[PDB]
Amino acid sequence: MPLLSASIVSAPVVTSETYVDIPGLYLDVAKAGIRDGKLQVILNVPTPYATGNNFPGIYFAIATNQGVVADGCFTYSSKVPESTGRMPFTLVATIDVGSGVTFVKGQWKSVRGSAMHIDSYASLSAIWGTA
(Lines of atoms letter the chains of each structure in order from A and count residues from 1; the text may use other names and numbers.)
(Lines give C-alpha, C1' and ligand atoms only; values in the text may rest on other atoms or scores of the structure.)
Protein backbone atom coordinates (compact mmCIF):
# COMPACT_ATOMS: atom_id res chain seq x y z
CA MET A 1 0.00 0.00 0.00
CA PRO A 2 2.65 2.60 -1.08
CA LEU A 3 2.66 6.21 0.22
CA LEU A 4 5.02 8.54 -1.72
CA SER A 5 6.12 11.93 -0.30
CA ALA A 6 8.59 14.70 -1.09
CA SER A 7 9.06 17.98 0.84
CA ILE A 8 11.16 21.16 0.48
CA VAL A 9 11.78 24.19 2.75
CA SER A 10 12.74 26.77 0.09
CA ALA A 11 13.27 27.39 -3.63
CA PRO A 12 15.26 30.11 -5.39
CA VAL A 13 12.88 33.02 -6.09
CA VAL A 14 12.00 33.21 -9.84
CA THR A 15 9.58 35.01 -12.17
CA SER A 16 8.28 32.87 -15.06
CA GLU A 17 5.42 33.37 -17.59
CA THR A 18 5.36 29.54 -18.13
CA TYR A 19 5.43 26.49 -15.82
CA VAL A 20 8.84 25.63 -14.32
CA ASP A 21 9.44 22.81 -11.84
CA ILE A 22 9.44 23.54 -8.08
CA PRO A 23 12.88 22.01 -7.42
CA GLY A 24 12.67 19.02 -5.06
CA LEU A 25 8.90 18.44 -5.31
CA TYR A 26 9.24 15.24 -7.35
CA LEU A 27 8.12 11.62 -6.83
CA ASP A 28 9.91 8.91 -8.82
CA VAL A 29 6.94 6.60 -9.56
CA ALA A 30 9.08 4.21 -11.71
CA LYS A 31 11.71 3.73 -8.91
CA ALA A 32 8.79 2.72 -6.55
CA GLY A 33 7.66 -0.07 -8.97
CA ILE A 34 4.24 1.58 -9.57
CA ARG A 35 3.36 0.75 -13.24
CA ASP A 36 -0.47 0.66 -13.14
CA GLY A 37 -3.45 1.64 -10.98
CA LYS A 38 -4.28 5.18 -9.73
CA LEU A 39 -2.43 7.84 -7.68
CA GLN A 40 -4.20 10.50 -5.57
CA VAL A 41 -1.62 13.33 -5.67
CA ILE A 42 -1.66 16.32 -3.27
CA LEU A 43 0.47 19.42 -3.95
CA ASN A 44 0.58 21.33 -0.60
CA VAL A 45 2.18 24.78 -0.55
CA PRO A 46 0.82 26.09 2.74
CA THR A 47 2.83 29.36 3.09
CA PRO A 48 3.73 30.89 -0.31
CA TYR A 49 3.65 34.58 -1.26
CA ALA A 50 4.00 36.47 -4.55
CA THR A 51 5.61 39.92 -5.06
CA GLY A 52 4.79 42.38 -7.90
CA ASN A 53 2.60 45.35 -8.70
CA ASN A 54 -0.33 44.02 -10.78
CA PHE A 55 -2.67 41.79 -8.65
CA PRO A 56 0.13 39.35 -7.72
CA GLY A 57 -0.26 35.60 -7.43
CA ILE A 58 1.10 32.17 -8.35
CA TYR A 59 -0.24 29.29 -10.44
CA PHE A 60 0.73 25.79 -9.31
CA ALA A 61 0.34 22.52 -11.18
CA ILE A 62 0.67 18.79 -10.70
CA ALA A 63 2.61 17.47 -13.74
CA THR A 64 3.82 14.03 -14.89
CA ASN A 65 6.22 13.05 -17.65
CA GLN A 66 3.21 13.61 -19.98
CA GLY A 67 2.71 17.25 -18.76
CA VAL A 68 0.21 19.16 -16.55
CA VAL A 69 -2.59 17.07 -14.99
CA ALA A 70 -4.30 19.89 -13.05
CA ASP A 71 -3.54 23.46 -11.96
CA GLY A 72 -4.88 26.33 -9.82
CA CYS A 73 -3.77 29.69 -8.47
CA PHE A 74 -4.07 32.19 -5.63
CA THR A 75 -4.01 35.92 -6.26
CA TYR A 76 -4.30 38.92 -3.94
CA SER A 77 -7.36 41.25 -4.14
CA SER A 78 -5.24 44.51 -4.30
CA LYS A 79 -3.16 45.69 -7.28
CA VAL A 80 -0.21 46.43 -4.92
CA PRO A 81 -0.94 44.75 -1.57
CA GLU A 82 0.12 46.67 1.60
CA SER A 83 1.93 43.41 2.55
CA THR A 84 2.21 40.19 0.46
CA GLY A 85 0.43 37.85 2.92
CA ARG A 86 0.79 34.06 3.08
CA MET A 87 -1.82 32.37 0.85
CA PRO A 88 -2.14 28.61 1.66
CA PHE A 89 -2.53 26.53 -1.54
CA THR A 90 -3.57 22.85 -1.97
CA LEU A 91 -4.24 21.04 -5.31
CA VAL A 92 -5.56 17.43 -5.50
CA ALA A 93 -5.60 15.30 -8.67
CA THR A 94 -5.92 11.57 -9.45
CA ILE A 95 -3.69 10.11 -12.26
CA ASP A 96 -3.59 6.83 -14.36
CA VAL A 97 -0.08 5.42 -13.86
CA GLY A 98 -0.62 2.87 -16.72
CA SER A 99 -0.57 5.60 -19.45
CA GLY A 100 3.23 5.97 -19.14
CA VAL A 101 3.67 7.89 -15.84
CA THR A 102 7.28 7.60 -14.61
CA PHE A 103 7.22 10.65 -12.29
CA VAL A 104 4.92 13.29 -10.66
CA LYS A 105 6.19 16.80 -9.96
CA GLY A 106 5.03 20.21 -8.78
CA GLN A 107 5.41 23.23 -11.04
CA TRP A 108 4.61 26.91 -10.68
CA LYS A 109 4.35 30.01 -12.87
CA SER A 110 3.87 33.75 -12.34
CA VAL A 111 0.51 35.57 -12.36
CA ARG A 112 1.18 38.89 -14.17
CA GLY A 113 5.01 38.96 -13.71
CA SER A 114 4.94 38.02 -9.93
CA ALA A 115 8.13 36.73 -8.25
CA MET A 116 7.31 33.35 -6.65
CA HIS A 117 8.27 32.64 -2.99
CA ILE A 118 8.58 29.41 -0.94
CA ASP A 119 10.72 29.90 2.23
CA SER A 120 9.14 27.15 4.40
CA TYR A 121 7.73 23.60 4.26
CA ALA A 122 5.90 22.51 1.04
CA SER A 123 5.08 18.93 0.02
CA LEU A 124 4.03 16.63 -2.82
CA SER A 125 2.36 13.35 -1.64
CA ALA A 126 0.66 10.44 -3.39
CA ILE A 127 -1.44 7.47 -2.22
CA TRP A 128 -1.56 4.45 -4.59
CA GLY A 129 -4.81 2.55 -5.24
CA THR A 130 -6.94 1.11 -8.10
CA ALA A 131 -10.21 1.87 -10.01
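In case it trips you up, residue 1 is the first one in the sequence shown, and so on.
The question of which stretch, 91 to 99 or 61 to 69, has the higher mean Cα B factor is settled in favour of 91 to 99.
Higher mean CA temperature factor, per the PDB entry, when comparing 117 to 125 with 15 to 23: 15 to 23. Across the options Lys105, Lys38, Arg86, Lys79, the residue with the most elevated CA B-factor in the record is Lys38. Ranking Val45, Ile42, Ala30, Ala50 by Cα temperature factor from the entry places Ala30 first.
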